[PDB]
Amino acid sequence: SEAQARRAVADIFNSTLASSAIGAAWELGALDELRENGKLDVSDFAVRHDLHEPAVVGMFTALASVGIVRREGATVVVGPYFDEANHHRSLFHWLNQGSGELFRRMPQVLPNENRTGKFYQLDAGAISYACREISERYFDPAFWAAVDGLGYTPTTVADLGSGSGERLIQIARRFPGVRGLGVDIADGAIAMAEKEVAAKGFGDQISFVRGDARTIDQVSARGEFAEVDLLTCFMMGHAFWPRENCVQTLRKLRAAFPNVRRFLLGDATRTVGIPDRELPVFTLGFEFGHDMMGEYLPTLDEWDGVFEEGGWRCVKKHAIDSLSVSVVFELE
């Protein structure tokens, strides 16, 4: 019926604003205040954060329009979808603040004749902001379980796609005296990581080399790769694909880190068979986004079927809770 359609299309429209507002409300500290108190005063919030109050009210209204919060007079209170939306806030942030410009330019990204050079734009800083919580909230538990199951004590750990350096710092805290080596293709991430590690007191223990993990055989790192006995690779593995490339990169890693015992590999994957109206959070954005960008994304089964050919054996596998289909593999 018409009334139902009217309401469903309106919710579609409003969900757009609520979606953008989830990431924004995280970044600006509102979701944390509402989690800690169950409520807040909108004027007081606007004043304590020095925000444009009409826009703040707009922000909470968007959230309220689809049931994440409820507005009661001067006040905003948690609504029925608050816990679920707050749980997944970093994915909304990734979708909007990080990737929004990609999805927005859909009419300009889809034509074949535009798809050369730098045909889309991501907000790298925003993506990094979101990936920090995505790594801790969804991957940390399986990561540390894999670490707890190593069967040895690492002495030098190399992290591929090292980013901010956080993972290497956490391993260094777990295992006093371990040395770390982070490889990242982006000179900007090398510089940020170097700064963080120095600031946190791990400058003499953790180093960084700029390098492409897909051509790890070309990376010059003072002969340190041969000392590495734990290898880690989180949220970037899909970059090794398509399959023939992935097989060669896996062999190359096997030869460049010949004293690696365990290789812990964590990523999100492309799903198969999920009915359109049942797609869970993230899955559609991650896949559609990689398809817009022209980047390969393997399924779980494709990973499972590549290891042996690539020179590794999967000895344990961990399911991630609610990040589309995501896994951590323990390879040796």
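Numbering starts at 1 and follows the sequence shown.
- Checked against the record, the higher mean CA B factor of 58-66 and 38-46 lies with 38-46.
- Averaged over Cα atoms, the B-factor as recorded in the entry is higher for 24-32 than for the other of 277-285 and 24-32.
- For the set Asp204, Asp140, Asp229, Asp159, the maximum C-alpha B-factor listed in the entry falls on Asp204.
- Of the candidates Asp217, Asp184, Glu72, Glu194, the deposited coordinates give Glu72 the top C-alpha B factor.
- Per the deposited record, the Cα B-factor of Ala3 falls in the highest third when ranked against the other modelled residues of its chain.
- For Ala199, the recorded CA B-factor ranks within the highest third of the chain. Only modelled residues enter the ranking.
- Sort the chain's modelled residues by C-alpha temperature factor and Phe103 lands in the middle third, per the entry.
- Among the modelled residues of its chain, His52 has a C-alpha B-factor that falls in the highest third, as given in the PDB entry.
- Among the modelled residues of the chain, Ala213 sits in the lowest third by CA temperature factor in this PDB entry.
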